[PDB]
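> Fold the following for me, if possible:
(2 chains, ligands or ions: 1)
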Amino acid sequence: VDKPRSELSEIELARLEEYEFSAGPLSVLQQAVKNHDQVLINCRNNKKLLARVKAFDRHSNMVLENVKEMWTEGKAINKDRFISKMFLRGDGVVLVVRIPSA
RNA sequence: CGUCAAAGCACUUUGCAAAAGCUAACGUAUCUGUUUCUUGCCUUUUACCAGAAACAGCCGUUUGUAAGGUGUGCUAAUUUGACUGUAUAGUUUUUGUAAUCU
Ligand SMILES: [Mg+2]
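Numbering: from 1, shown residues only, chains lettered A, B, ... in the order given. Below, you will see the structure:
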């Protein structure tokens, strides 16, 4: 769209918001939502998260289900913990990498 | 304008209660009477004359409250009150200079 001017009112701001998804990088969230693809999360405390993604916010606030979360740290020993459902604040997201289900 | 709360609401009839507290129009209006004094005209009384003080009456006004009436509603309408009431990932607070060890 020809409105990245960043000086907008509410309706065109919402249009730009939806375009920020429909073609922006956050577009990866939609096809991950609709294709039910595996997505891995890198948190800012060196945490590894992999799970289904169901909904996301523009802030990258994400609701996850069936999360497998692993962390490593004596001698370096990797450990894992599976939790049913997650609400992760997009503040702490560093990286997302998708594992295609197919 | 917004949110929350409780009250049906608008208009109206009647009863009860109150109306200066920090000197100030309950009424931006305005009458009558009684008692006690001082006066005026006076043959005596009422009826009077015009000033004061202390008291009352009448014509009115405002507010609170209680029970009703009319017209509209409760499948919503209006009124009253309270409120620390609004955006915003791009340096001054809320979308992380973090983890790492000590
Ligand atoms: Mg005689």
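
> Distance check, the residue lying farthest from the centre of chain A against residue A:45.
For chain A, the residue at maximal distance from the C-alpha centroid (Cα atoms, centre = their mean) is residue A:74, at 33.0 Å. Residue A:74 sits 18 Å away from residue A:45, going by Cβ to Cβ, to the nearest Å. (C-beta placed from N, C-alpha, C; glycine too.)

> Could you look up the SS state of the residue farthest from the centre of chain A?
Residue A:74 falls in the coil class when you classify it by DSSP: H, G, I helix; E, B strand; the rest coil.

> Would you map the helices across chain A?
A:10-22, A:27-35 (DSSP state H).

> what's the closest of these to RNA strand B?
Closest to RNA strand B of the helices of chain A is helix A:10-22 (Cβ to the nearest atom of the strand; 6.5 Å).
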